[PDB]
Amino acid sequence: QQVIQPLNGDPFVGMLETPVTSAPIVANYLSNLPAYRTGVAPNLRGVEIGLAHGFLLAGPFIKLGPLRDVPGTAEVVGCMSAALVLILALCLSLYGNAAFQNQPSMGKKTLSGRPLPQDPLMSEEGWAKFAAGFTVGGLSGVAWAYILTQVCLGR
Amino acid sequence: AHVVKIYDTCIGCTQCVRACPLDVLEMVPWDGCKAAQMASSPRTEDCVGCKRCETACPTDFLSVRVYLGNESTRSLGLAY
Amino acid sequence: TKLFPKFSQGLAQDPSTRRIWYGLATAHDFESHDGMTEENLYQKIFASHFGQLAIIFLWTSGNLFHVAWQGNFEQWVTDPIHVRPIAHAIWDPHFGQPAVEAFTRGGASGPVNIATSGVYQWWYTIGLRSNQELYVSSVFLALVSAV
Amino acid sequence: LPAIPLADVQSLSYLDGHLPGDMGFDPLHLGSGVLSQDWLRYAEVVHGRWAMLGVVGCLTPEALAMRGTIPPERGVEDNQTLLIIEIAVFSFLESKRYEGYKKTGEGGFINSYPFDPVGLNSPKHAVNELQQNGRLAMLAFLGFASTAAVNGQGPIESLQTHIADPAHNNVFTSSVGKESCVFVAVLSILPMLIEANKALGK
Amino acid sequence: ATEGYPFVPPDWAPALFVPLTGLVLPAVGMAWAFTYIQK
Amino acid sequence: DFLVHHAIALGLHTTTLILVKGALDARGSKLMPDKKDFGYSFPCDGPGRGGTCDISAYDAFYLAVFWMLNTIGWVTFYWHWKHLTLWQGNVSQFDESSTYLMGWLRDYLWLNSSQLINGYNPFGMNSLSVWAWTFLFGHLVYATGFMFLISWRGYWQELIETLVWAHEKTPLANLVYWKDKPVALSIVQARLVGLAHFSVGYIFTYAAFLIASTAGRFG
Amino acid sequence: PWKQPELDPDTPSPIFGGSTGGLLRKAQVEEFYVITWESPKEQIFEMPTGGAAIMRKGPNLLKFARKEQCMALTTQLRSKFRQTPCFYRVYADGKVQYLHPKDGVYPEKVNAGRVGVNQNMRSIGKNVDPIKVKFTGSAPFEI
Amino acid sequence: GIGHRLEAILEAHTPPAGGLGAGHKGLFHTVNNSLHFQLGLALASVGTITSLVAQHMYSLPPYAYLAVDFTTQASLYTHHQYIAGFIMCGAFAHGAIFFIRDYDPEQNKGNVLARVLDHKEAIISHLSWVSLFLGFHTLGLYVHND
Amino acid sequence: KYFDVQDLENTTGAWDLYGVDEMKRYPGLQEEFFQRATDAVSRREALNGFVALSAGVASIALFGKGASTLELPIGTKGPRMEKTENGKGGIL
Amino acid sequence: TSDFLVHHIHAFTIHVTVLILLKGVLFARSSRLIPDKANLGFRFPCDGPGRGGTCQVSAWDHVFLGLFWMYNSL
Amino acid sequence: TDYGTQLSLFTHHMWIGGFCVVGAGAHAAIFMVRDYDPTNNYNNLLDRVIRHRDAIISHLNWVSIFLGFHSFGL
Ligand code: CLA
Ligand code: CLA
Ligand code: CLA
Ligand code: CLA
Ligand code: CLA
Ligand code: CLA
Ligand code: CLA
Ligand code: CLA
Ligand SMILES: CC1=C(/C=C/C(C)=C/C=C/C(C)=C/C=C/C=C(C)/C=C/C=C(C)/C=C/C2=C(C)CCCC2(C)C)C(C)(C)CCC1
Ligand code: SF4
Ligand SMILES: [Ca+2]
């Protein structure tokens, strides 16, 4: 009558099903998130991820900074976030051109885990596609944070 | 992996085969000692380099030597 | 099987971070490189020697250039006891209001740092007296480094 | 490709001469990808178009008496809102050009019309003459930009002064560019160094 | 410049050379090094 | 100067002892006769026969670097204090206060460090602040070297294994993966990195104090 | 042994709660090992990955990631419960490989059915010096 | 048709009455055939003259208005002494590398290089005695005065 | 039964405990807006070239640091400066 | 604010000391790197230079490392 | 009003306490190495704790690093 047990009836693996992971509220919520969605196209995945990140990478940068006390300059201090998401897109493309090397294809193991196919995000062109979507999404999210922070109304 | 060697000054006490924790050394028959058996090492690719065989060797100097070399996934003791 | 340690197939076939670190350690141990003869060893040493000479002459050329651009050499010659030598200028966007006001020394318009290498006394002793002789000699040292 | 830039230079392996304007000069191997060089080529030609139009765009106003020799917008009839409608009409036009270029390449058309041969002229020689004239205007527009060194002198006016004194009115001496001599010096010794390097490395 | 041409540098020299070797140069260096380290 | 000259002689003979012993006993010893067949820089020869930690000639040189740093630190402390007392016309200070180590610590390390640590206080800063900053920067590098010198590889190997499990069984971060397996630094590498951190801190701290204490109260 | 016992599935594995130290991404991407033995009764043993598990009667099969873990469990069962285990190495493709005991008697016996390898008929100390083996890629011991 | 030969001078430098045994026989091929020996000798000479430069520059200043600059003298002396210490450690390191990598005992048999190796215990033990003497007495005099 | 040799793609741990497959997330034609928008940077060399040309923004950005009025180029202050450093000499 | 900073310094050093000690206790029996650490004893040097090196892998060594961190905390 | 005895007593009691806690961490590992029989502990708290040791150590590791950055970087 314990809430903790192994996964698939085989306990010799490291992942032991604990309440946190087992939790249906956690299971369905994680699946709903834009990265775990496999059928949706990679460009689409990258845009959603980039929008959320580009928007959250502005506030902590515009409130605490070198020009956080200058009124109009403080709004203009959010550009750095754009430079940050630019550095993030560059390192993401660098990881894609090296993770799934041309020599190493699938990398083996089809993976069962209930009737469903391998995510195309792990391909060579799929990571570049994701890198694109993340770049447009981050640039657009930073621009939305800057536009919304001046017409937010009673912020 | 590491290179293990067994010299002719072996007495065949079978202590290195008992001290090896990865089943690298074995005892083959010989005609040069009182025990008529000498150690060997066929599974050299499974050598990890813990040097327990050298501590188990009773003759002076050691009849078995573990010369460390290149490292692989098996010789580095990686479980991931 | 990666290809970064080009001089060692053993480290090239390492599936861990040990390949990276060791790839920067045995990079000059030409005596223990894959497929190396005595003639190849001596020729490789003869090349690295020229590379060292080139970087040495380039370094001293850069010293002459920086002192000729921001150092107060002409001002130091007219008074070699009171004025202080200037190494180079300091450009730091991280500096504040008081750092810029306090780092300006030696009769300069911007923030600079005083030199402790003692090259001003050496150049003033050998004969360099103008701010142009250091310039022309710096380009000469860069030329000999290129050769 | 048989012509070659300086004397006899080994043409790069990637440039087989298939392109119509292959002079054999392509240093630092900036373009070597099969799908990348075609797009770069499309860039070079679009550049020539804007630059050729530009060279004769400043030539006309400069030749006659007028304002804007160096600075534009003396008066005009539309301020700021103009600039917004400029980017809007160009964005629509450019999106159509990109869509057309992707389909066939060498996009030469106005608005949305894949191929634009109104005049019914499109031979090989005309494709080539477009490139050579575009390269020339791209290198001539910089001299129009280099009016800074010559200061108040305009493009037609700079030519007039150079006609009055041909020795004391050039970039090497009359301009403040004393490094132009070092540019032509290294540009003259560079060829010999390439031939030297390739020859030595037998 | 004037009578000092031999290696005499323009005023916005460290304002455009320090932002270059302190961010652009180590970024391209680390990117090329990482791609060379991997296969 | 008699006692300091004897201290210099002590440092020279000890560094020479470590280096000469590591050079003569490089190709064999009674504890390990086939050392010449193991190369120049090996970790050890197991924990057998009593234990053979730091038995290669590389390890002997590694141990001699500390003694070289101590000897050069003693000769430079002597030079700087004798000239520091000669330049200010107080030559009778070092001659009567250099015989006891408390006098060394008080009149040399504590008195000449009054202007160095005052580079940046809550009342502003000055030209010496950069030296004051690097004076503490050297202390931090030195303390980080003590980590690689004291702690050995096995503890860190188990720690890295736990971090590997953490990254593999975590959501939304298991999508990425390392191209090369993460492993702890080797025994020889750990000695080299620790020595580099120790030498860098030892150099930066003294350069900061020397230039600041001299530049701060003189020309 | 007298014939390599082919590893077969559908073997009763021991009852064990879910552990945390075992079968990572390498156990699938590269290789992993598996140990089988025969138990005569019901006991509780200690796994080399965490807590304790019980011994299900009849055959027993366990899977691990390193050969040292299977060898550790092998020596524990041979010195504490007097059993005779045997383990295999399963590759990524699915190629099973017999590993211990290869000759099948035990690795500490003679059996007169194995040829010696990696042996030097000279004594240690009679090896030539590093200078002699220069640019030869070989070493004194290797020679 | 003029000049000297290094191998001939080394082979001719052997004292009679067996003071050094073979003398310097085979030392020419030992030095010329090895690179770590030449590197150790060069590092020893460079590390010694670097310290010589440091000791002569402060006592006999060679540059004008150098004695007035107090930070320059201190920084130059400290810099040259630390550089000399690192180079001196490298000389002995390469000597150990020479003994391990390229020292064949059959080539120079009974010479001074193989002869100093026969009493390495005597050399190391006497170095240990000198170091213990200086350490015990310098520390004792300092603590007594303290 | 706990281990299989042939169907090893399910007995070792090769699973997806958080992924569902569906061809729908975003509304109709919205995806088309983002498709055309992300088409240009879709390739590796394309994005690396984008950020390489966008890297020149730091160089140009520093030049337009006049609006920021960073201590660096505003001045060093002639009135108060450390030209009186040390007590032994007025300048040195 | 300084009390906040020093209190967080104290919490950090206490967590590192408890990390070293708890790791030593939980991995003193048998680790995934060395599966036979229980039979090796409690106070042992290492397990040879294999697996890249296994120096101070014993439970006693963790206490030795811990003692150092307790000094740094107190 | 005796600051010497006040500071002395506080410092002394703090050092004695820290030494004793490190000793507790030592003897727990001594027990786990010698007197731990995996027969009387099948599914109890000790067995479950030794079962998820990887999760425990990894979380303590992260907390340690977070506290170090946020408490020393300030
Ligand atoms: C190798 C010695 C050396 C060192 C340690 C430094 C260090 C420094 N330089 Mg300097 N520089 C040097 C040589 C050196 N320089 C030489 C030889 C030149 C003449 C070409 C210059 C020209 C120069 C300028 C104009 C500026 C600096 C600046 C700076 C500072 C900021 C960092 C930076 O932006 O890098 C420097 C960036 C560079 C691009 C210079 C690197 C020079 C390269 C390596 C050689 C270029 C080739 C050149 C055509 C000559 C051919 C010789 C070749 C074949 C070897 C920094 C303190 C900046 C500053 O803030 O001043 C305080 C600044 O604006 N440097
Ligand atoms: C080594 C060279 C170097 C250089 C040149 C700089 C330069 C700079 N650093 Mg820095 N830094 C460095 C090293 C360097 N750093 C290192 C080694 C560290 C680690 C200790 C740090 C850690 C550090 C921190 C923690 C911070 C800085 C900050 C800053 C900025 C100063 C504050 C400011 O005015 O904001 C800049 C104001 C601007 C208007 C600049 C905007 C231009 C940016 C650079 C690019 C944005 C354009 C964008 C990409 C447009 C995209 C185009 C689009 C069409 C695609 C400044 C530009 C501060 C900062 O970033 O401010 C928030 C700051 O917080 N640095
Ligand atoms: C008047 C008679 C005479 C005398 C006194 C000498 C004396 C000498 N001869 Mg000579 N010789 C002579 C006649 C004589 N010779 C004649 C008639 C001939 C024939 C022409 C030669 C031909 C000859 C040759 C060819 C050579 C000599 C050499 C030597 C020197 C070394 C001999 C030796 O054995 O090394 C000494 C014996 C040792 C065992 C060395 C001991 C090492 C000590 C113990 C080391 C202690 C160091 C320690 C750290 C010190 C601490 C001090 C601190 C400051 C560091 C020596 C000074 C050799 C030479 O030139 O060397 C300079 C040489 O090769 N002789
Ligand atoms: C923990 C240590 C620490 C902390 C907290 C800070 C904090 C700060 N520093 Mg700083 N700094 C540090 C160490 C630290 N520093 C060190 C060691 C150095 C020397 C190398 C410097 C050198 C330095 C300089 C030169 C400057 C700063 C500046 C700043 C301020 C703005 C910097 C910035 O870019 O904003 C923050 C940018 C971010 C991207 C923060 C990200 C926030 C993360 C994501 C946490 C929020 C989400 C969190 C995970 C919650 C989880 C949510 C859940 C759903 C998962 C800021 C308050 C600048 C300043 O002017 O100060 C006012 C500045 O110029 N620092
Ligand atoms: C004429 C000078 C000289 C030359 C040509 C050599 C040449 C050689 N040495 Mg040697 N050595 C020298 C001087 C020299 N050494 C000195 C002065 C020392 C005393 C410090 C040593 C001590 C030494 C040892 C102990 C060993 C060698 C070894 C070797 C051989 C290969 C290793 C190598 O070089 O790869 C290149 C090595 C590296 C790239 C490592 C660089 C990391 C450096 C040390 C740290 C830099 C400090 C820090 C990061 C600075 C930044 C500060 C920061 C604040 C910015 C090689 C033939 C090794 C050998 O024989 O093979 C087994 C060997 O183990 N050397
Ligand atoms: C190795 C370093 C060293 C040295 C050389 C000294 C030397 C000295 N110390 Mg000192 N000390 C040291 C370390 C050292 N100390 C340390 C490390 C400490 C800290 C613990 C101290 C703390 C200390 C204190 C507190 C004091 C000294 C004192 C003294 C002086 C005492 C003389 C004496 O003992 O009376 C004479 C001792 C004897 C006669 C012993 C008799 C032995 C037998 C019976 C006789 C020997 C045979 C005889 C000579 C016949 C032989 C025949 C022959 C001619 C053939 C002396 C000069 C005292 C002093 O007065 O300061 C000046 C004193 O106050 N020391
Ligand atoms: C209730 C208190 C207590 C008790 C009863 C024990 C009992 C035991 N401990 Mg233990 N321990 C304790 C507290 C305690 N410990 C604390 C507080 C610590 C943290 C420091 C430790 C850390 C510890 C370790 C690491 C080890 C033990 C071990 C042991 C066992 C054997 C110890 C031995 O052989 O003694 C031997 C007696 C000595 C070594 C004498 C101690 C000498 C000390 C180190 C000198 C201290 C200097 C002194 C304070 C000042 C002198 C100055 C000088 C000038 C004279 C034993 C059962 C050992 C074991 O194997 O367990 C099975 C083991 O290695 N303990
Ligand atoms: C000053 C020396 C020093 C330093 C800095 C550290 C630092 C660290 N030790 Mg450590 N240690 C030391 C000495 C030191 N140790 C010594 C002498 C010993 C022997 C007893 C040990 C024994 C020891 C053990 C046994 C353990 C540690 C652990 C740790 C880590 C815990 C991380 C943490 O929670 O805090 C935060 C970390 C830091 C504050 C590091 C400083 C980073 C600063 C803020 C720089 C910020 C980044 C900067 C801006 C970027 C630079 C830019 C550049 C790249 C251009 C940490 C990084 C534990 C560990 O592994 O972690 C779980 C561990 O178990 N240490
Ligand atoms: C005239 C004069 C004089 C005299 C002088 C003299 C007599 C001299 C000298 C000197 C010397 C006496 C010097 C020296 C030094 C030395 C050293 C510093 C050493 C070394 C060595 C080493 C380092 C080694 C190495 C090695 C090894 C280890 C082994 C083998 C190999 C080799 C070689 C590599 C006087 C002062 C009186 C007065 C004035 C003048
Ligand atoms: S160096 Fe490490 S592995 Fe080698 S003997 Fe010492 S503790 Fe053991
Ligand atoms: Ca002159």
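Residues numbered from 1 in each chain as written, not as in the entry; some residues may be left out. Chains lettered and ligands numbered in written order. Part of a larger assembly, values for the part shown. Heavy atoms only, no water.

In its metadata, the entry names cryo-EM as the structure determination method and reports 2.84 Å as the resolution.

K.L.:
It is not clear to me how the overall build of chain K should be interpreted in this structure. Could you clarify?
P.N.:
Regarding its fold elements, chain K presents three helices and zero strands. Along chain K, helices (α) and strands (β) appear in the sequence α-α-α when read from the amino end. In terms of overall size, chain K is more extended than a compact globule, its C-alpha atoms giving a radius of gyration of 19 Å where 74 residues would be expected to give roughly 11 Å. Across its three principal directions, the C-alpha atoms of chain K cover 60 × 35 × 15 Å. Out of the 74 residues belonging to chain K, those deemed buried represent 32%. Side-chain charges in chain K split into 4 positive and 5 negative, and the spacing between the mean points of these groups amounts to 11 Å. (Helix = DSSP H or I, 4+ residues; strand = E, 2+ residues; numbered from the N terminus. Rg over C-alpha atoms; globule rule 2.2 N^0.38 Å. Buried < 20%, exposed > 50% of the residue type's maximum accessible area, 1.4 Å probe, protein only. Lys, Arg positive; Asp, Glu negative; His and termini not counted. Charge placed at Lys NZ, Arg CZ, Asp CG, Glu CD.)

K.L.:
Is there a simple way to think about the interface of chain C and chain E in this case?
P.N.:
A common way to report how large an interface is uses the accessible area buried once the components associate. On the side of chain E, 15 residues touch chain C, which itself brings 12 residues to the contact. Buried area between chain C and chain E, both sides added, is near 1400 Å², and the carbon and sulfur share of it is 74%. Considering only the surface of chain C that becomes buried against chain E, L3, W69 and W91 of chain C emerge as the three largest contributors, covering 39% of it. Summed over the shared surface of chain C and chain E, the result is zero salt bridges. Where chain C meets chain E, there are one residue pair in polar contact. Of all the secondary structure elements, the ones that give two or more residues to the side of chain C that touches chain E are α2 (18-23), α3 (38-69) and α7 (133-146) of chain C. Broken down by element, the residue count for the side of chain C that touches chain E peaks at three residues, all from α7 of chain C. Split by residue class, the side of chain C that touches chain E holds eight nonpolar, two polar and two charged. (Contact = heavy atoms within 4.5 Å. Buried area = accessible area lost by both parts, 1.4 Å probe. Salt bridge = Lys/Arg side-chain N within 4 Å of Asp/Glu carboxyl O. Polar contact = N/O pair within 3.5 Å; in protein donor to acceptor, adjacent residues only side chain to side chain. Nonpolar A, V, L, I, M, F, W, Y, C, P; charged D, E, K, R; others polar.)

K.L.:
So what exactly am I meant to see when it comes to the site of ligand 1 here?
P.N.:
With respect to spatial proximity, 13 residues lie near ligand 1, and among them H66 of chain C together with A13, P14, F17 and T21 of chain E are the closest. With respect to ligand 1, its neighbouring residues span chains C and E. Between ligand 1 and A13 of chain E there is a distance of 3.1 Å, counted from an oxygen atom to a backbone nitrogen or oxygen. A distance of 2.8 Å separates an oxygen atom of ligand 1 from a polar atom in the backbone of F17 of chain E. Contributions of two or more residues to the shell around ligand 1 are made by α3 of chain C together with α1 (14-37) of chain E. Looking at which element gives the most residues to the shell around ligand 1, the answer is α3 of chain C, with five residues. Here the shell around ligand 1 is composed, by residue class, of nine nonpolar, four polar and no charged. (Near = heavy atom within 4 Å.)

K.L.:
Looking at this structure, how should I read the site of ligand 2?
P.N.:
If you check the shell around ligand 2, you find 15 residues, and the closest are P66 and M80 of chain A, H94 of chain C, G22 of chain E together with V57 of chain I. Around ligand 2, the nearby residues trace back to chains A, C, E and I. Within the side chain of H94 of chain C, one N or O atom sits 3.1 Å away from a nitrogen atom of ligand 2. Where the shell around ligand 2 is concerned, the elements lending two or more residues are α6 (79-99) of chain A, α1 of chain E together with α3 (56-63) of chain I. No other element matches the four residues that α6 of chain A contributes to the shell around ligand 2.

K.L.:
How should the pattern of salt bridges be read in this particular structure?
P.N.:
For the coordinates displayed, the defined rule picks out 47 salt bridges over all chains. For the salt bridge of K51 of chain B with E54 of chain B, the shortest nitrogen-to-oxygen distance reads 2.6 Å. For the pair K51 of chain B and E54 of chain B, a shared accessibility class is recorded, and that class is buried. For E68 of chain G, the salt bridge goes to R66 of chain G, with nearest N and O atoms at 2.4 Å. Each member of the pair, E68 of chain G as well as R66 of chain G, is classed as buried. Taken together, the shared-partner salt bridges in this structure form one network comprising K51, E54 and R65 of chain B together with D34, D45 and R49 of chain F.

K.L.:
Is there a simple way to think about the packing of aromatic side chains in this case?
P.N.:
Aromatic rings in a pair are described by how distant their centres are and how their planes are angled relative to each other. One pass over the structure, following the stated rule, counts 68 aromatic pairs over all chains. Where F100 of chain A meets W127 of chain A, the ring centres are 5.6 Å apart and the plane angle is 55°; that geometry is what we call tilted. With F100 of chain A in the loop between α6 and α7 (124-148) and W127 of chain A in helix α7, this residue pair connects regions lying 27 residues apart in the sequence. The exposure class of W127 of chain A is buried, given its relative accessible area of 4%. With a centroid separation of 5.8 Å and 15° between ring planes, the pair formed by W62 of chain K and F66 of chain K is classed as stacked. (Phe/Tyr/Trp six-rings, centres within 6.5 Å; stacked < 30°, edge-to-face > 60°.)

K.L.:
In this structure, what is going on with the packing of α6 of chain A against α7 of chain A? I would like to understand it.
P.N.:
Packed helices, taken two at a time, are described by their axes: the angle between them and the distance between them. Residue and element names in this part refer to chain A. For the pair α6 and α7, the least separation of the axes is 9 Å and the interaxial angle reads 175°. Judged by the inter-axis angle, α6 sits roughly antiparallel to α7. From α6, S81, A82, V85, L88, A89, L92, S93, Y95, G96 and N97 reach across to α7, where they touch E124, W127, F130, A131, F134, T135, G138, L139 and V142. Its residues assigned to classes, the contact of α6 with α7 comprises 12 nonpolar, six polar and one charged. (Axes fitted to C-alpha atoms, helices over the stretch in contact; angles between N-to-C directions. Parallel < 35°, antiparallel > 145°, perpendicular 65-115°, else oblique.)

K.L.:
It is not clear to me how the interface of chain H and chain F should be interpreted in this structure. Could you clarify?
P.N.:
Chain H puts 38 residues into the contact, and the matching count from chain F is 49 residues. For the pair chain H and chain F, the two sides together bury roughly 4200 Å², of which 79% comes from carbon and sulfur. Of all residues in chain H, the largest losses of buried area upon contact with chain F belong to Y82, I100 and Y142 of chain H, amounting jointly to 19% of the total for that side. Linking chain H with chain F are one salt bridge, by the criterion used here. A salt bridge links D25 of chain F to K120 of chain H; the nearest nitrogen and oxygen atoms lie 2.4 Å apart. Contributing elements (two or more residues each) for the side of chain H that touches chain F: α4 (70-101) and α6 (120-145) of chain H. No other element matches α4 of chain H, which puts 18 residues into the side of chain H that touches chain F. A per-class count over the side of chain H that touches chain F returns 24 nonpolar, 11 polar and three charged.

K.L.:
I'm lost on the sheet that holds strand β4 (residues 64-67) of chain B in this one. Help?
P.N.:
Working definition: the strands of a sheet are paired by backbone hydrogen bonds and lie parallel or antiparallel to each other. Taken together, three strands build an open sheet; the order of strands is β4(B)-β1(B)-β7(G) and the sheet is mixed. Looking at which strands have only one partner, the edges of the open sheet turn out to be β4 of chain B together with β7 (119-120) of chain G. Bridge analysis of strand β1 (residues 3-7) of chain B against β7 of chain G gives two bridges, and the strand direction is parallel. Its bridge partner lying in β7 of chain G, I6 of chain B is registered against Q119 of chain G. (Pairing = 2+ DSSP bridges.)

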